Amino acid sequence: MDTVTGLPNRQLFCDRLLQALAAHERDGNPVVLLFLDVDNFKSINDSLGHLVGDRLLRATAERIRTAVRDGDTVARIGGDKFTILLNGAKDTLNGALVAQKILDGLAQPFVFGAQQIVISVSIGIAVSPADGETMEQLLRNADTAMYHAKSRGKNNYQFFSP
């Protein structure tokens, strides 16, 4: 597992995603991938030090889990990004309602001692199969949507556009 966050390894996430894509390919309960970026993490980690930085990453990972559904998988990547697998997103409007719940949870302050921390977040979303069939295509597409979102603002989300 990821020592910093306690989240599943990249390998386990990978295994989880492959299985979900095999199990859910119906338009009514598709696999949806969210790629989350803690936009201002570097400045925080630099200013406050890695001790606080790691604590923040772990608190962010847990809040993300509280906002997804039991059965979904969350894993860290690239230091300050998180790949979120929605294992059958029926009734979530292709993950949009999950992305909104995450943003609501992450908009709350992270208090470390007397230091209030507010992170800025950007989420890219990719829906199978329209946004990719393979896990690599889905992830890369959610990643692209993420950076697009980040370029246009903060505390936002957007779906990949073919």
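All residue numbers refer to positions in the sequence shown, first residue = 1.
*Asks:* On mean C-alpha B-factor from the PDB entry, just flag whether 115-123 or 22-30 is the higher one.
*Replies:* The stretch with the larger mean CA B-factor is 22-30.
*Asks:* Comparing average C-alpha B factors as deposited, tell me which of 92-100 and 131-139 sits higher.
*Replies:* Stretch with the higher mean C-alpha B-factor: 131-139.
*Asks:* Could you place residue 78 in the lowest, middle or highest third of its chain by Cα temperature factor, using the values in the record?
*Replies:* Bottom third by C-alpha B-factor.
*Asks:* Split into thirds by Cα B-factor across the chain's modelled residues, where does residue 156 land: lowest, middle or highest?
*Replies:* As the PDB entry reports it, the C-alpha B-factor of residue 156 lands in the lowest third of its chain.
*Asks:* For the chain shown, is the CA B-factor of residue 144 in the lowest, middle or highest third of its modelled residues?
*Replies:* According to the entry, residue 144 has a C-alpha B-factor in the chain's middle third.
*Asks:* Could you say whether, by C-alpha temperature factor, residue 56 belongs to the lowest, middle or highest third of its chain?
*Replies:* Its C-alpha B-factor belongs to the middle third of this chain's values.
*Asks:* Would you mind ranking residue 70 by its C-alpha B-factor against the rest of the chain and naming the third, lowest, middle or highest?
*Replies:* Highest third of the chain for residue 70's C-alpha B-factor.
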